[PDB]
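K.L.:
One structure follows; several queries about it will come next.
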Amino acid sequence: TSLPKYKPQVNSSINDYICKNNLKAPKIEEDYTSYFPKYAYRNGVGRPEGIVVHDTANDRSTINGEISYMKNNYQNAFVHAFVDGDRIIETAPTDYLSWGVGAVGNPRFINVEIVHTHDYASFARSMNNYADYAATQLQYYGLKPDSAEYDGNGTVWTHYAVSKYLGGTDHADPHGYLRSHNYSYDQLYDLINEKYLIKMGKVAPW
Ligand code: NA
Ligand SMILES: [Zn+2]
């Protein structure tokens, strides 16, 4: 008796495209900085409670440019990783917090930024890449996917949901950005869930 194929819970032609074409996320590359702070989550080092979906709100920057700026501006903001259509770059260890979502969410969640992309295929790859990175973290930390968007409880959050339910911040990403590419947070969450289940050996790989 073989593993079942995951049945999508959120209709998504983009996720259908990603799956049908067996898109492979790239390696997770480190690019750490010696002077970034190494602060515990509220429950300890190595104790994130979930992960946040952000987007850069910048329609012109590249992943390299975002990282260069952040290395100089980390006292204002920094995040754990960036993804684009080509790369997944982890800029801070997930065992310590990052300064990406305000004083309430930072002690709880891994912060990951989606760099803006400018064609259909690269956007799709960037969603696959976010989802693969997120599912990797959830599996590594033993955190089952649970979306917080509509109840303020779970392991996968948007910046918007942190603003809405937790406070400490007032940003609304990533909903408007994903909508502009004919996608949605719930489509992304469904992809994260599928990849988590693949990594857990519960559903069939692509
Ligand atoms: Na929930
Ligand atoms: Zn954000």
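As shown in the structure tokens, the chain order sets the letters A, B, ...; within each chain, residues go from 1, and ligands are also counted from 1 in the order they appear.
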Would you list the residues that come within 10 Å of ligand 2? Count only C-alpha atoms and all ligand atoms and give the answer as JSON, numbers by chain.

P.N.:
{"A": [52, 53, 54, 55, 56, 57, 79, 100, 101, 102, 111, 112, 113, 114, 158, 159, 160, 162, 163, 169, 170, 171, 172, 173, 174]}

K.L.:
Identify, counting only C-alpha atoms and all ligand atoms, the protein, DNA and RNA residues located within 8 Å of ligand 1, and give them as a list in words.

P.N.:
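Going residue by residue within 8 Å of ligand 1, we get residues 146, 147, 148, 149, 150, 151, 152, 153, 154 and 155 of chain A.
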
K.L.:
May I have the selected residues written with C-alpha atoms, as an mmCIF file, in the first residue's frame?

P.N.:
```cif
data_model
loop_
_atom_site.group_PDB
_atom_site.id
_atom_site.type_symbol
_atom_site.label_atom_id
_atom_site.label_comp_id
_atom_site.auth_asym_id
_atom_site.auth_seq_id
_atom_site.Cartn_x
_atom_site.Cartn_y
_atom_site.Cartn_z
ATOM 1 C CA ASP A 146 -1.668 25.128 11.774
ATOM 2 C CA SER A 147 -2.708 28.402 10.189
ATOM 3 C CA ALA A 148 -3.256 31.348 12.529
ATOM 4 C CA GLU A 149 -4.931 33.585 9.944
ATOM 5 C CA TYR A 150 -8.542 33.278 11.098
ATOM 6 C CA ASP A 151 -8.158 32.384 14.781
ATOM 7 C CA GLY A 152 -4.875 33.854 16.025
ATOM 8 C CA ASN A 153 -3.502 30.453 17.002
ATOM 9 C CA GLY A 154 -1.043 28.226 15.189
ATOM 10 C CA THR A 155 2.368 27.728 13.683
#
```

K.L.:
As a count of residues only, list the residues of segment 49-130 of chain A assigned to helix (DSSP H, G or I) by DSSP on the backbone atoms of this structure.

P.N.:
26

K.L.:
Under the rule that only C-alpha atoms are counted, which of A:18, A:178, A:51, A:104 is the nearest residue to residue 141 of chain A?

P.N.:
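When distances to residue 141 of chain A are compared using only C-alpha atoms, the smallest one comes from A:51.
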
K.L.:
Please identify every residue of segment 57-174 of chain A that has at least one atom no farther than 12 Å from an atom of segment 8-15 of chain A, counting only C-alpha atoms, and for each give the shortest atom pair and the distance in Å to one decimal, arranged by chain then increasing number, as a tab-separated table.

P.N.:
```
residue	atom	partner	partner_atom	distance
A:120	CA	A:14	CA	9.0
A:121	CA	A:14	CA	9.3
A:122	CA	A:14	CA	11.3
A:123	CA	A:14	CA	9.2
A:124	CA	A:14	CA	6.5
A:125	CA	A:14	CA	9.8
A:126	CA	A:14	CA	11.2
A:127	CA	A:15	CA	8.5
A:128	CA	A:15	CA	8.2
A:129	CA	A:15	CA	11.9
A:131	CA	A:15	CA	10.6
```

K.L.:
Can you list, as a compact mmCIF listing (two decimals) with N, CA, C and O atoms, in the first residue's frame, every protein, DNA or RNA residue that comes within 12 Å of residue 66 of chain A when you count only C-alpha atoms, leaving out same-chain residues fewer than 6 positions away?

P.N.:
```txt
# COMPACT_ATOMS: atom_id res chain seq x y z
N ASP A 55 6.52 39.81 2.89
CA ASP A 55 7.13 40.16 1.62
C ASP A 55 7.82 41.51 1.77
O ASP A 55 7.48 42.29 2.66
N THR A 56 8.79 41.77 0.90
CA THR A 56 9.67 42.92 1.08
C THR A 56 8.99 44.28 0.81
O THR A 56 9.56 45.32 1.14
N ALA A 57 7.81 44.27 0.19
CA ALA A 57 7.12 45.51 -0.19
C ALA A 57 8.01 46.38 -1.07
O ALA A 57 7.92 47.61 -1.07
N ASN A 58 8.85 45.73 -1.87
CA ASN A 58 9.78 46.43 -2.72
C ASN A 58 9.75 45.80 -4.09
O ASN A 58 10.15 44.65 -4.28
N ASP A 59 9.25 46.53 -5.07
CA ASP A 59 9.06 45.90 -6.36
C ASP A 59 10.28 46.00 -7.25
O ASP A 59 10.25 45.59 -8.42
N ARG A 60 11.37 46.53 -6.72
CA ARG A 60 12.55 46.72 -7.53
C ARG A 60 13.80 46.03 -7.00
O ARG A 60 14.76 45.85 -7.74
N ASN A 72 23.46 46.11 7.09
CA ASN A 72 23.79 47.41 7.64
C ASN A 72 22.71 47.95 8.56
O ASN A 72 22.97 48.87 9.31
N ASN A 73 21.50 47.42 8.45
CA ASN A 73 20.33 47.99 9.10
C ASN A 73 19.69 47.04 10.09
O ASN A 73 18.55 47.25 10.48
N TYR A 74 20.44 46.01 10.50
CA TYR A 74 19.91 44.96 11.35
C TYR A 74 19.38 45.49 12.68
O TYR A 74 18.50 44.87 13.28
N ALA A 77 15.84 46.23 11.58
CA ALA A 77 15.13 45.00 11.22
C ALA A 77 16.10 43.99 10.64
O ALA A 77 17.01 44.35 9.89
N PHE A 78 15.90 42.73 10.99
CA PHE A 78 16.51 41.65 10.24
C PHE A 78 15.62 40.44 10.32
O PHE A 78 14.77 40.34 11.21
N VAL A 79 15.81 39.53 9.38
CA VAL A 79 14.99 38.33 9.29
C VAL A 79 15.88 37.10 9.21
O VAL A 79 17.10 37.18 9.03
N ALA A 81 15.47 34.55 6.84
CA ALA A 81 15.76 34.09 5.49
C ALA A 81 15.00 34.92 4.48
O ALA A 81 13.95 35.51 4.79
N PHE A 82 15.55 34.93 3.26
CA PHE A 82 14.89 35.46 2.08
C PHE A 82 14.76 34.35 1.06
O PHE A 82 15.64 33.50 0.92
N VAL A 83 13.70 34.42 0.29
CA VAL A 83 13.54 33.54 -0.86
C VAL A 83 13.19 34.37 -2.09
O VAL A 83 12.46 35.36 -2.01
N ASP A 84 13.70 33.95 -3.24
CA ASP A 84 13.24 34.46 -4.52
C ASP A 84 12.99 33.29 -5.44
O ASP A 84 12.76 32.17 -4.96
N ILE A 89 18.10 31.85 1.02
CA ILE A 89 19.27 32.31 1.75
C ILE A 89 18.89 32.58 3.19
O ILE A 89 18.07 33.48 3.48
N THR A 91 19.83 34.10 6.52
CA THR A 91 20.67 35.18 7.00
C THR A 91 20.81 35.19 8.53
O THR A 91 21.61 35.95 9.04
N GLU A 113 11.22 36.36 4.45
CA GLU A 113 10.80 37.35 3.47
C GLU A 113 10.76 36.80 2.05
O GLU A 113 11.73 36.21 1.59
N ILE A 114 9.67 37.09 1.36
CA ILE A 114 9.54 36.81 -0.06
C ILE A 114 10.00 38.06 -0.84
O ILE A 114 9.40 39.14 -0.72
N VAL A 115 11.07 37.89 -1.62
CA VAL A 115 11.53 38.93 -2.54
C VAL A 115 10.60 38.97 -3.75
O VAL A 115 10.12 37.92 -4.21
N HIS A 116 10.29 40.17 -4.24
CA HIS A 116 9.35 40.27 -5.35
C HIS A 116 9.94 39.73 -6.63
O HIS A 116 11.14 39.86 -6.91
```

K.L.:
Using only C-alpha atoms, which of A:23, A:3, A:97, A:63 sits nearest residue 39 of chain A?

P.N.:
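So, comparing all the options, the nearest one is A:97.
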